[PDB]
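Quick setup: the structure tokens below cover two forms of a single protein chain, split into structure 1 and structure 2.
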Structure 1
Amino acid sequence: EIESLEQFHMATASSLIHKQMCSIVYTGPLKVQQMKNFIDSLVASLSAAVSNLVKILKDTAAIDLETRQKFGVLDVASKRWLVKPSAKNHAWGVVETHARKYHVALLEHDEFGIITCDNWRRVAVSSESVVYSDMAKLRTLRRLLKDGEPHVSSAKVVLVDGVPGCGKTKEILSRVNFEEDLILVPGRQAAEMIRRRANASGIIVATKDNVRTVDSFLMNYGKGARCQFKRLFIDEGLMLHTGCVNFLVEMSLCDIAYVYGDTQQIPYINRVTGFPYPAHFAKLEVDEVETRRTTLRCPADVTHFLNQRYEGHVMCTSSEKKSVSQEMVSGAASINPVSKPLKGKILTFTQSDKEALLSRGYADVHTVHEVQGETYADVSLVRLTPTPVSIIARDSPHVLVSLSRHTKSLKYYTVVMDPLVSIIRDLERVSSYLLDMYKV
């Protein structure tokens, strides 16, 4: 397989496409199987992206659309988009030559647009080809394999399992030794905020060398120096493929790694269609589990709810007691920012409901999953789907996350009676003295 980014350029599209690898057999201990599966998830992801771009060009002689799409098709002769894409400056795409051959192309980009070659007939791009991160990660990871086998680290792995608002990032910031350790986190904005918080005094201790995103670490590995970090701290580590974590522990050359997360919140979601990510693969294999049971964010009534989901006596430092309420609504058609202003951060459980509210004129709406890890003073939670919604259950991680974002209040607006209404109704009746007992 290709092990150099440059090699992806002009590679035949078919060479990167693989038949639904839903029939992959893995060998070796769990960590090795997880690492192999992670690489395969990337191969599958890239395969689907390339395959769809080829299909766009090959399924029909031509394709022209009037409405903007997630994909785009460029007519080379005129340099006009026959199918207009929602994104710009895509890192790569699939090229159709006049001889009707299909190759992947790392697109250069400025003139009046994409730089094309003489034998190019059409260029297809999509939201999946905006960046070539999968390609960069694959080339990095493949170089770490010896005959398809990865090396598992002997480092001790400690899971710091904490409740919502226990202050996981604050702990990392207090525990880390910036001169010897490395901190990794998924988002770019997330990494930047870790550095800003660390450097609040004005003294720079956190740099782009010791606090980075997971993608950056993987994509540029060995580009310069190969540093041996004493300890590795992975914020939001449970939101990554377990195979990815195993690789990070190994690649950092650490003696110990601390993975920060909450096993009751929303874990990594396998978004690769037709690709298996079994339950035994989904469980991160760690050596020790540290627990944090005090929330520095949630009111006492929410803490009462949390206490039913975690053993170990969940406590809160906040003086807020009651904070939840709920009411029925007929549907999106009956509400709008004017007639029904919604206080604070507006959240929905699904993308569909989110779109429905945005369509009503509400601004800055996000799904519960999208705001995992975030804190708000007031929350307006909305359920517009009347039919069954799996993720809305008494013991659902989504429900737990939806109730633990606020510090002041939360109001649930729903079109139908459901488990969350029951939860809120019960919390409203919990003994005031019982709520007093959670404060620490």
Structure 2
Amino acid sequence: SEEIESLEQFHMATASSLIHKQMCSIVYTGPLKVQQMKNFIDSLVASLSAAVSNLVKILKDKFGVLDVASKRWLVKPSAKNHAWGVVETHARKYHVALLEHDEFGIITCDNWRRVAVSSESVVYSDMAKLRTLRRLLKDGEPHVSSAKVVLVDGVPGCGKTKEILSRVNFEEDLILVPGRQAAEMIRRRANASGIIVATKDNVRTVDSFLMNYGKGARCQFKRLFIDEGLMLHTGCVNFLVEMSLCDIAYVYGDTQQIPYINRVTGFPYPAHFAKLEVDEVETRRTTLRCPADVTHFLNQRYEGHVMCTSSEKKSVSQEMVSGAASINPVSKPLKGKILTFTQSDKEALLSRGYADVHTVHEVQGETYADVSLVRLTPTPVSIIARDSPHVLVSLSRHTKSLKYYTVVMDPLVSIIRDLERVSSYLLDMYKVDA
């Protein structure tokens, strides 16, 4: 559609014009929110500069390179139908090109000698976001909304999504969330009574909102709801608030969920930039889902004490499996929701005949009565650490029980053993009415 046309400023621009070897000596000015927004834009300019520069590097000395003449790949890429890449002309000039495809691959031109693509150019999100955001500036200066912003600092199962689903007016408000799985979950839980009230217009991912701004749908919203806003750059949040034209915005955040990550070699994102500036701070410290033992765990990972309404106390247990093969639906059926930490293990369990299997990451925000967590990879698994957000999420999905089957000792095994050892009278101290 007209999207590629909306990105004309990027089409055929020289690779050089988009590469900025610096963005480390940048000095920001104005109100804190303004610097955060500016910095957010810069983080995008920086990410794109790295993507374009890496493509040029590959051409001169995942990463796929196409030979225009033979229409055959010199180095096939992992992905397909890349949204863009860098073109190397016969004179050896480098340009950024918005890519078009057909039955035989990339539609090229006469002067094009080679084309380079990568995972970074699979989607043109940075360009899309940069296009949208710069259009909102008046000489590099972003407008700050006068809307009131309320931050709700919460913990697993305290009611972050629940409150949003309970307080939102679907005919007037907007709910923005970080990922597609979150959005689909929100829309699914809102529509669970039989009527579709949550659509693609009042519940969107942040990326979708930013990339298709103005493009249509609806612009003016009375109230904005952001679920899991600490997963976003502060400038991004200031932008969303302003772009939604809301009078008030409620940002629900969790300090121990996967946080916003730089991911750009020594890119400047100082501490005071990472702190969201808001008008009011509310705290939620009573988990309505988690058993007492998991609550104890939450107490050691969060600022402030965490209480629970649940009567459940001891709920976790583990099992070291001598033979990885023995983990099959016939030998040992896993009750409740079956989860794994990695995609590979997930595939393994599915290939063995286990039903409805997902990764911890794929079920964020979800609740289950019973959970069977499985680890089949004896080799090192990065995301399984005592301080990992994944471990946190994996321990807080169940209301009744959780059991961890693993082929090798790991931090989760220790955490679970520890929780099993805690005094029951101590666990009672976390109980609260309701």
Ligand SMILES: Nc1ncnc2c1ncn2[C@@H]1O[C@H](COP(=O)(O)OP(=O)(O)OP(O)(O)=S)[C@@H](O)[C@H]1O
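Start at 1 and count along the sequence of structure 1; that gives the residue numbers used here. Basically, rigid core = biggest C-alpha set you can superpose within 1.5 Å across the two forms.
Visitor: Choose the one of the two that is the form deposited without the ligand.
Guide: Of the two forms shown, it is structure 1 that corresponds to the form deposited without the ligand, while structure 2 does not.
Visitor: Identify which of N210, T140, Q265, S153 has its C-alpha displaced by 2 Å or more between the two structures once the rigid core is superposed.
Guide: With the rigid core superposed, the residue that stands out is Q265.
Visitor: Rigid core fitted, then: does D181 show a CA shift of 2 angstroms or greater between the two structures?
Guide: No, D181 moves less than 2 Å.
Visitor: Determine whether the C-alpha of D255 shifts by 2 Å or more between the two structures once the rigid core is superposed.
Guide: No: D255 shifts by under 2 Å between the two structures.
Visitor: Is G312 one of the residues whose Cα moves 2 Å or more between the two structures, with the core superposed?
Guide: Indeed, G312 is displaced by 2 Å or more.
Visitor: Once the core is aligned, what is the C-alpha displacement of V371 between the two structures? Give it in Å to one decimal.
Guide: Core-aligned C-alpha shift comes out at 7.1 Å.
Visitor: Upon rigid core superposition, what is the positional shift of the Cα of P164 between the two structures, expressed in Å to one decimal?
Guide: It moves 1.5 Å at the C-alpha.
Visitor: What's the distance in angstrom the Cα of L284 travels between the two structures, core superposed?
Guide: That residue's C-alpha is offset by 0.4 Å.
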